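In what follows, a structure is listed as structure tokens, so that the remarks can point back to it.
Read the numbers this way: they start at 1 and go in the same order the structure lists the ligands and their atoms. The analysis underlying the following values was restricted to heavy atoms, covering all of them including side chains, and did not include hydrogens, waters or symmetry mates. We number each residue from 1, following the sequence as shown.
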Amino acid sequence: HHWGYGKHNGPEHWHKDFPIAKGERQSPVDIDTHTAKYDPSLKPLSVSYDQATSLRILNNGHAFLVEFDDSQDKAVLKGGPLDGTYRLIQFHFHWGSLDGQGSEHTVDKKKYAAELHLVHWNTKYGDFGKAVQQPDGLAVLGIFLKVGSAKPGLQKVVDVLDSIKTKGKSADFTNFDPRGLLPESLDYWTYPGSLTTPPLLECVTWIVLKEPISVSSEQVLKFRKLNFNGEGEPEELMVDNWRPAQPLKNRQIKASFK
Ligand SMILES: [Zn+2]
């Protein structure tokens with residue numbers, strides 16, 4: 001018994017256990033493309049994933065995560081609005097029950113079928129646990145997914161989902177190249193925010209790419225066959241595991257492009 005995305009434990013209930021849910025820099029938010037400010041001082045993003053080492057893929061009952069070895073600077077994110085090096089620790093998705101919903105961030109109110117989050121932590125803080133307690137501890141790269149052509153680089157992930165159908169299941173997942181999930185362009189918006197799942201800490205510096213990647217209906221369909229529940233109990237399909245847009249309040253979204 002805890003938090004989830006159902007009617008009685010969904011996002012609207014999270015604030016009771018995690019007061020920060022009504023905080024000043026909560027995520028996701030709607031990106032108003034006409035209010036975003038182009039900032040010439042923003043540097044190009046630097047993604048160095050050539051030595052990435054994936055370890056496992058896990059169903060934690062809220063989504064499925066693909067965990068990486070973050071004991072060294074093997075897969076890092078630098079540049080952009082960041083100061084220092086951020087190490088990739090895991091990536092996961094949020095998706096919907098239908099192609100018209102699923103993303104957490106929205107663009108001019110437009111919702112995408114899913115959203116990919118690549119989570120990185122600031123190496124100055126040693127470890128993930130310490131990083132989440134700092135305002136500049138995390139840097140999450142957000143990528144939108146739209147239904148269309150199949151994404152070859154995502155197929156290895158969809159084919160193993162059958163092995164981690166229920167909450168608690170994990171499987172070995174080595175030699176996966178996260179570079180296959182990136183779009184052509186690295187243009188982005190960025191704003192200070194939080195983790196979109198409890199405990200909703202406001203330690204994120206969000207970097208949302210403008211260009212979405214396309215995945216096939218067959219690929220996204222497989223995401224929808226996962227279960228929120230553990231093996232041996234009422235089957236609840238894992239769908240609509242997204243938090244709705246939160247108030248922007250005293251924050252401005254910057255764009256790396258004109
Ligand atoms: Zn996420």
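In summary, the aromatic rings of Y5 and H94 are positioned with their centroids too far apart to meet the 6.0 Å limit.
The shortest side-chain heavy-atom distance between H117 and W206 falls under the 4.5 Å cut-off.
Around the Zn ion (ligand 1), the protein N, O or S atoms found under 2.8 Å comprise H92 NE2, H94 NE2, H117 ND1.
Between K222 and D159 there is a salt bridge, with a side-chain nitrogen of the basic residue lying less than 4.0 Å from a carboxylate oxygen of the acidic one.
Side-chain atoms of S54 come within 3.5 Å of backbone N or O of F176 as a donor-acceptor pair. Side-chain atoms of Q246 come within 3.5 Å of backbone atoms of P244 as a donor-acceptor pair (strictly under, hydrogens ignored). Checking side-chain atoms of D70 against main-chain N and O of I89 turns up no donor-acceptor pair under 3.5 Å.
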